[PDB]
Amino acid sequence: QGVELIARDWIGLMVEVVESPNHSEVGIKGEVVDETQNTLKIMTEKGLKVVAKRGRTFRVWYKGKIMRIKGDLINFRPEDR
């Protein structure tokens, strides 16, 4: 499911920033409400947060599995995979 995850729009999934050059972003957790070519708009308990994909690592809850995904892998428009 790790491979299938890269091929779909992450909208609707729960994700958590587990690694980032900006410490301020580590821990940002919530539901992806939008995905752009370079960012993820995440709805958190504290509010909406936009986090860049490149250089970040995300913990993702998908298909009963919990995976660590490097932002570089999804740093493309979702429709382009």
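Residue positions are given as counts along the sequence shown, with the first one as 1.
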query: Stretch with the greater mean C-alpha B-factor as recorded in the entry, comparing 26-34 against 46-54; finding: 46-54
query: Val3 - which third its CA temperature factor falls in, relative to the rest of the chain; finding: highest
query: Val15 by Cα B-factor - lowest, middle or highest third of the modelled chain; finding: lowest
query: Third of chain Cα B-factors occupied by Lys65; finding: highest
